[PDB]
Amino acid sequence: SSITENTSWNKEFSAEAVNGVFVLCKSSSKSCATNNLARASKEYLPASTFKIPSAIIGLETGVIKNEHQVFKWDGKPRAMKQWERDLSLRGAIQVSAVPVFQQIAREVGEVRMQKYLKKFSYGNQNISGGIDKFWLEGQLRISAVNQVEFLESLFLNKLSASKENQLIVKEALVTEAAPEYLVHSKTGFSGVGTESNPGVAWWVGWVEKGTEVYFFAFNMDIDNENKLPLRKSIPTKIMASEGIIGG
């Protein structure tokens, strides 16, 4: 990757009082821009952004049968009422259905999971702490620049998985469609943590706009869920200002 620190976006962060980073790459990870070089490479819990590799792994191992898979609710009281119904793959991704991806991880298992994270060069690749908890509460960490490299590889069909599985997950990540562009994205929020050691909120993805592609990763410190809306609005304003999406 090739990254250059910026000052143009700082006011989008200091107007809202946020400590975080945005990484934005035009065409490829050979042209990235960021407001904060050091934080662009610091690794944080992926939280629900780990549903992107885990759905790819779920498909590649056969645990997710194909793009038509339905994830059927068993009837076990779920932590969220939005999790209490049958979901499609896109649906389980959208509402970050925790029990759905916990079951995928247990069916995948430790060995295969370790193997696919090494092939994908995903973060510190540390999955200790429990096979169905490592991305939520365990030791896995990944940086904003590594997220971008991972998304670009998915975008190019370069991950070690069939092209068909990569295409299935990219379609499942569409979140905004317009005549000139498609936005593929995924949020994450690790929780509030403390005020002294805050959690992290994320928003990573890519925009295909005409013949161009823009990759992006955003993360921020968050100690109050009421600050959750800035995880999308800061990056959205930045991208709207570069003429990438409508915002």
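A residue's number is simply how far along the shown sequence it sits, counting from 1.
If you average the Cα B factors in the entry, which is higher, 198-206 or 51-59?
Between 51-59 and 198-206, it is 198-206.
Per the PDB record, is the mean Cα temperature factor higher over 134-142 or over 73-81?
Going by the record's values, the stretch with the higher mean is 73-81.
Looking at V95, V174, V148, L167, which has the highest Cα B-factor in the entry?
Most elevated C-alpha B-factor of the set, per the entry: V95.
With respect to C-alpha B-factor, does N35 fall in the lowest, middle or highest third of the chain as deposited?
Middle third.
Per the entry's values, where does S128 land by CA temperature factor relative to the rest of its chain, in the lowest, middle or highest third?
CA B-factor rank for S128: highest third.
By the recorded C-alpha temperature factor, relative to the other modelled residues in its chain, which third is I64 in?
As the PDB entry reports it, the C-alpha B-factor of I64 lands in the middle third of its chain.
Considering only modelled residues of the same chain, in which third does the CA B-factor of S29 rank: lowest, middle or highest?
Ranked within chain, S29 CA B lands in the middle tercile.
Rank-wise, by C-alpha B-factor, drop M239 into the lowest, middle or highest third of its chain.
Tercile = middle for this residue's CA B-factor.
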